[PDB]
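Trainee: Have a look at this one.
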There are 2 protein chains.
Amino acid sequence: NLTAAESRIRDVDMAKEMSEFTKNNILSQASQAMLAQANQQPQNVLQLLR
Amino acid sequence: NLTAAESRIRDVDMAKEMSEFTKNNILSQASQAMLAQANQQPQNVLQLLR
């Protein structure tokens with residue numbers, strides 16, 4: 001019972017923590033896409049310059 | 001928020017500042033046209049002289 005309790009504290013629902021892992025990766029890479037699109041506006045400003 | 005605020009102070013609405021750039025150029029060159037026409041009256045005075 002105490003090894004069970006310790007486990008419920010210390011251990012990980014590694015299935016759930018993997019779904020979370022995936023999720024955080026997708027959020028990172030999505031933010032990276034938003035960065036890629038974000039760095040495209042000043043060039044349009046340059047098109048306006050010439 | 002503070003980089004945003006600094007930017008709102010320091011930076012330029014470079015689109016607007018370009019429309020302004022264009023505008024000031026056209027006013028300059030227009031004044032130059034008015035100079036070109038302005039230097040044509042004394043010659044008519046000379047035509048009156050002879």
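Chain labels run A, B, ... following the order of the structure tokens; each chain numbers its residues from 1, and ligands are numbered from 1 in the order shown.
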I'm after chain B in the frame of chain A: fit it by least squares over all Cα atoms matched in order, and give me the output as a PDB file with N, CA and C atoms, in the first residue's frame.

Mentor:
```pdb
ATOM      1  N   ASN B   1       0.817  -1.203   0.000  1.00  0.00           N
ATOM      2  CA  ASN B   1       0.000   0.000   0.001  1.00  0.00           C
ATOM      3  C   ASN B   1       0.853   1.255   0.000  1.00  0.00           C
ATOM      4  N   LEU B   2       1.999   1.215   0.674  1.00  0.00           N
ATOM      5  CA  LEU B   2       2.856   2.391   0.705  1.00  0.00           C
ATOM      6  C   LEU B   2       3.696   2.503  -0.553  1.00  0.00           C
ATOM      7  N   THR B   3       4.134   1.381  -1.116  1.00  0.00           N
ATOM      8  CA  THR B   3       4.762   1.460  -2.427  1.00  0.00           C
ATOM      9  C   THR B   3       3.766   1.941  -3.467  1.00  0.00           C
ATOM     10  N   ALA B   4       2.504   1.537  -3.328  1.00  0.00           N
ATOM     11  CA  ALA B   4       1.467   2.057  -4.207  1.00  0.00           C
ATOM     12  C   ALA B   4       1.308   3.562  -4.032  1.00  0.00           C
ATOM     13  N   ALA B   5       1.270   4.033  -2.784  1.00  0.00           N
ATOM     14  CA  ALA B   5       1.057   5.457  -2.533  1.00  0.00           C
ATOM     15  C   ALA B   5       2.220   6.285  -3.041  1.00  0.00           C
ATOM     16  N   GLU B   6       3.435   5.856  -2.717  1.00  0.00           N
ATOM     17  CA  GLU B   6       4.620   6.512  -3.239  1.00  0.00           C
ATOM     18  C   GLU B   6       4.559   6.583  -4.755  1.00  0.00           C
ATOM     19  N   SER B   7       4.232   5.458  -5.393  1.00  0.00           N
ATOM     20  CA  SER B   7       4.110   5.413  -6.847  1.00  0.00           C
ATOM     21  C   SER B   7       3.098   6.428  -7.360  1.00  0.00           C
ATOM     22  N   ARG B   8       1.914   6.468  -6.749  1.00  0.00           N
ATOM     23  CA  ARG B   8       0.901   7.443  -7.142  1.00  0.00           C
ATOM     24  C   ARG B   8       1.428   8.863  -7.014  1.00  0.00           C
ATOM     25  N   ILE B   9       2.322   9.101  -6.055  1.00  0.00           N
ATOM     26  CA  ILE B   9       2.974  10.405  -5.980  1.00  0.00           C
ATOM     27  C   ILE B   9       4.062  10.509  -7.040  1.00  0.00           C
ATOM     28  N   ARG B  10       5.098   9.684  -6.925  1.00  0.00           N
ATOM     29  CA  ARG B  10       6.327   9.917  -7.671  1.00  0.00           C
ATOM     30  C   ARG B  10       6.188   9.611  -9.156  1.00  0.00           C
ATOM     31  N   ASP B  11       5.465   8.560  -9.513  1.00  0.00           N
ATOM     32  CA  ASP B  11       5.496   8.062 -10.878  1.00  0.00           C
ATOM     33  C   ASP B  11       4.708   8.975 -11.803  1.00  0.00           C
ATOM     34  N   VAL B  12       4.729   8.629 -13.082  1.00  0.00           N
ATOM     35  CA  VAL B  12       4.105   9.415 -14.138  1.00  0.00           C
ATOM     36  C   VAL B  12       3.085   8.542 -14.850  1.00  0.00           C
ATOM     37  N   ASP B  13       1.959   9.144 -15.232  1.00  0.00           N
ATOM     38  CA  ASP B  13       1.038   8.528 -16.185  1.00  0.00           C
ATOM     39  C   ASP B  13       1.642   8.746 -17.566  1.00  0.00           C
ATOM     40  N   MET B  14       2.633   7.909 -17.883  1.00  0.00           N
ATOM     41  CA  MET B  14       3.523   8.186 -19.005  1.00  0.00           C
ATOM     42  C   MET B  14       2.788   8.170 -20.334  1.00  0.00           C
ATOM     43  N   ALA B  15       1.651   7.483 -20.400  1.00  0.00           N
ATOM     44  CA  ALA B  15       0.761   7.653 -21.540  1.00  0.00           C
ATOM     45  C   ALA B  15       0.269   9.090 -21.619  1.00  0.00           C
ATOM     46  N   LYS B  16      -0.331   9.571 -20.530  1.00  0.00           N
ATOM     47  CA  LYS B  16      -0.826  10.941 -20.480  1.00  0.00           C
ATOM     48  C   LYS B  16       0.305  11.932 -20.677  1.00  0.00           C
ATOM     49  N   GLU B  17       1.450  11.656 -20.067  1.00  0.00           N
ATOM     50  CA  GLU B  17       2.577  12.568 -20.171  1.00  0.00           C
ATOM     51  C   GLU B  17       3.169  12.547 -21.574  1.00  0.00           C
ATOM     52  N   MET B  18       2.919  11.479 -22.336  1.00  0.00           N
ATOM     53  CA  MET B  18       3.337  11.466 -23.733  1.00  0.00           C
ATOM     54  C   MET B  18       2.368  12.256 -24.595  1.00  0.00           C
ATOM     55  N   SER B  19       1.067  12.092 -24.362  1.00  0.00           N
ATOM     56  CA  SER B  19       0.102  12.934 -25.062  1.00  0.00           C
ATOM     57  C   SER B  19       0.403  14.405 -24.807  1.00  0.00           C
ATOM     58  N   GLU B  20       0.784  14.724 -23.573  1.00  0.00           N
ATOM     59  CA  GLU B  20       1.232  16.067 -23.236  1.00  0.00           C
ATOM     60  C   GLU B  20       2.512  16.420 -23.986  1.00  0.00           C
ATOM     61  N   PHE B  21       3.447  15.468 -24.071  1.00  0.00           N
ATOM     62  CA  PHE B  21       4.713  15.688 -24.771  1.00  0.00           C
ATOM     63  C   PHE B  21       4.472  16.098 -26.215  1.00  0.00           C
ATOM     64  N   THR B  22       3.757  15.243 -26.946  1.00  0.00           N
ATOM     65  CA  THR B  22       3.263  15.553 -28.281  1.00  0.00           C
ATOM     66  C   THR B  22       2.658  16.944 -28.330  1.00  0.00           C
ATOM     67  N   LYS B  23       1.716  17.218 -27.426  1.00  0.00           N
ATOM     68  CA  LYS B  23       0.986  18.481 -27.453  1.00  0.00           C
ATOM     69  C   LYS B  23       1.933  19.672 -27.384  1.00  0.00           C
ATOM     70  N   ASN B  24       2.837  19.662 -26.407  1.00  0.00           N
ATOM     71  CA  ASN B  24       3.779  20.762 -26.253  1.00  0.00           C
ATOM     72  C   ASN B  24       4.667  20.906 -27.475  1.00  0.00           C
ATOM     73  N   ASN B  25       5.049  19.790 -28.098  1.00  0.00           N
ATOM     74  CA  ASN B  25       5.824  19.877 -29.332  1.00  0.00           C
ATOM     75  C   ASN B  25       5.038  20.586 -30.423  1.00  0.00           C
ATOM     76  N   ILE B  26       3.763  20.234 -30.573  1.00  0.00           N
ATOM     77  CA  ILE B  26       2.952  20.838 -31.624  1.00  0.00           C
ATOM     78  C   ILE B  26       2.768  22.321 -31.357  1.00  0.00           C
ATOM     79  N   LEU B  27       2.657  22.703 -30.088  1.00  0.00           N
ATOM     80  CA  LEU B  27       2.522  24.121 -29.781  1.00  0.00           C
ATOM     81  C   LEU B  27       3.807  24.866 -30.093  1.00  0.00           C
ATOM     82  N   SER B  28       4.946  24.264 -29.762  1.00  0.00           N
ATOM     83  CA  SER B  28       6.228  24.865 -30.109  1.00  0.00           C
ATOM     84  C   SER B  28       6.336  25.072 -31.613  1.00  0.00           C
ATOM     85  N   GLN B  29       6.191  23.992 -32.377  1.00  0.00           N
ATOM     86  CA  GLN B  29       6.356  24.056 -33.825  1.00  0.00           C
ATOM     87  C   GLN B  29       5.328  24.983 -34.465  1.00  0.00           C
ATOM     88  N   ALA B  30       4.141  25.071 -33.873  1.00  0.00           N
ATOM     89  CA  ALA B  30       3.145  26.013 -34.365  1.00  0.00           C
ATOM     90  C   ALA B  30       3.598  27.445 -34.132  1.00  0.00           C
ATOM     91  N   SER B  31       4.115  27.728 -32.937  1.00  0.00           N
ATOM     92  CA  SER B  31       4.672  29.046 -32.662  1.00  0.00           C
ATOM     93  C   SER B  31       5.798  29.366 -33.633  1.00  0.00           C
ATOM     94  N   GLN B  32       6.554  28.346 -34.031  1.00  0.00           N
ATOM     95  CA  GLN B  32       7.620  28.531 -35.006  1.00  0.00           C
ATOM     96  C   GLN B  32       7.054  28.905 -36.367  1.00  0.00           C
ATOM     97  N   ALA B  33       5.953  28.265 -36.763  1.00  0.00           N
ATOM     98  CA  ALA B  33       5.256  28.686 -37.975  1.00  0.00           C
ATOM     99  C   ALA B  33       4.840  30.147 -37.884  1.00  0.00           C
ATOM    100  N   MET B  34       4.294  30.547 -36.734  1.00  0.00           N
ATOM    101  CA  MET B  34       3.864  31.930 -36.567  1.00  0.00           C
ATOM    102  C   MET B  34       5.042  32.884 -36.631  1.00  0.00           C
ATOM    103  N   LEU B  35       6.218  32.427 -36.212  1.00  0.00           N
ATOM    104  CA  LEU B  35       7.410  33.250 -36.352  1.00  0.00           C
ATOM    105  C   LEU B  35       7.783  33.396 -37.817  1.00  0.00           C
ATOM    106  N   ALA B  36       7.738  32.281 -38.549  1.00  0.00           N
ATOM    107  CA  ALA B  36       8.058  32.294 -39.971  1.00  0.00           C
ATOM    108  C   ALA B  36       7.158  33.262 -40.721  1.00  0.00           C
ATOM    109  N   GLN B  37       5.868  33.264 -40.396  1.00  0.00           N
ATOM    110  CA  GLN B  37       4.959  34.208 -41.035  1.00  0.00           C
ATOM    111  C   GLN B  37       5.170  35.617 -40.499  1.00  0.00           C
ATOM    112  N   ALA B  38       5.630  35.735 -39.255  1.00  0.00           N
ATOM    113  CA  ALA B  38       5.801  37.052 -38.652  1.00  0.00           C
ATOM    114  C   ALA B  38       6.936  37.813 -39.309  1.00  0.00           C
ATOM    115  N   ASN B  39       7.981  37.103 -39.721  1.00  0.00           N
ATOM    116  CA  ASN B  39       9.123  37.751 -40.354  1.00  0.00           C
ATOM    117  C   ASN B  39       8.911  38.051 -41.837  1.00  0.00           C
ATOM    118  N   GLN B  40       7.667  38.061 -42.330  1.00  0.00           N
ATOM    119  CA  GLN B  40       7.375  38.329 -43.733  1.00  0.00           C
ATOM    120  C   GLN B  40       6.758  39.701 -43.976  1.00  0.00           C
ATOM    121  N   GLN B  41       6.382  40.429 -42.928  1.00  0.00           N
ATOM    122  CA  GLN B  41       5.744  41.736 -43.083  1.00  0.00           C
ATOM    123  C   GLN B  41       6.742  42.856 -43.393  1.00  0.00           C
ATOM    124  N   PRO B  42       7.889  42.939 -42.702  1.00  0.00           N
ATOM    125  CA  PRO B  42       8.855  44.000 -43.043  1.00  0.00           C
ATOM    126  C   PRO B  42       9.323  43.965 -44.484  1.00  0.00           C
ATOM    127  N   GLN B  43       9.332  42.790 -45.103  1.00  0.00           N
ATOM    128  CA  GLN B  43       9.718  42.694 -46.503  1.00  0.00           C
ATOM    129  C   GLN B  43       8.662  43.307 -47.396  1.00  0.00           C
ATOM    130  N   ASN B  44       7.399  43.198 -47.002  1.00  0.00           N
ATOM    131  CA  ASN B  44       6.339  43.899 -47.705  1.00  0.00           C
ATOM    132  C   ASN B  44       6.466  45.400 -47.513  1.00  0.00           C
ATOM    133  N   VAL B  45       6.881  45.828 -46.318  1.00  0.00           N
ATOM    134  CA  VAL B  45       7.200  47.241 -46.120  1.00  0.00           C
ATOM    135  C   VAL B  45       8.305  47.663 -47.078  1.00  0.00           C
ATOM    136  N   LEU B  46       9.266  46.776 -47.321  1.00  0.00           N
ATOM    137  CA  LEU B  46      10.341  47.103 -48.248  1.00  0.00           C
ATOM    138  C   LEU B  46       9.818  47.179 -49.673  1.00  0.00           C
ATOM    139  N   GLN B  47       8.894  46.285 -50.025  1.00  0.00           N
ATOM    140  CA  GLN B  47       8.237  46.377 -51.323  1.00  0.00           C
ATOM    141  C   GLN B  47       7.555  47.724 -51.473  1.00  0.00           C
ATOM    142  N   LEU B  48       6.983  48.230 -50.384  1.00  0.00           N
ATOM    143  CA  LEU B  48       6.404  49.564 -50.418  1.00  0.00           C
ATOM    144  C   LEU B  48       7.488  50.619 -50.590  1.00  0.00           C
ATOM    145  N   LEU B  49       8.678  50.377 -50.036  1.00  0.00           N
ATOM    146  CA  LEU B  49       9.777  51.322 -50.228  1.00  0.00           C
ATOM    147  C   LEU B  49      10.253  51.331 -51.673  1.00  0.00           C
ATOM    148  N   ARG B  50      10.175  50.194 -52.351  1.00  0.00           N
ATOM    149  CA  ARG B  50      10.625  50.105 -53.736  1.00  0.00           C
ATOM    150  C   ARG B  50      10.164  48.807 -54.380  1.00  0.00           C
TER     151      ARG B  50
END
```
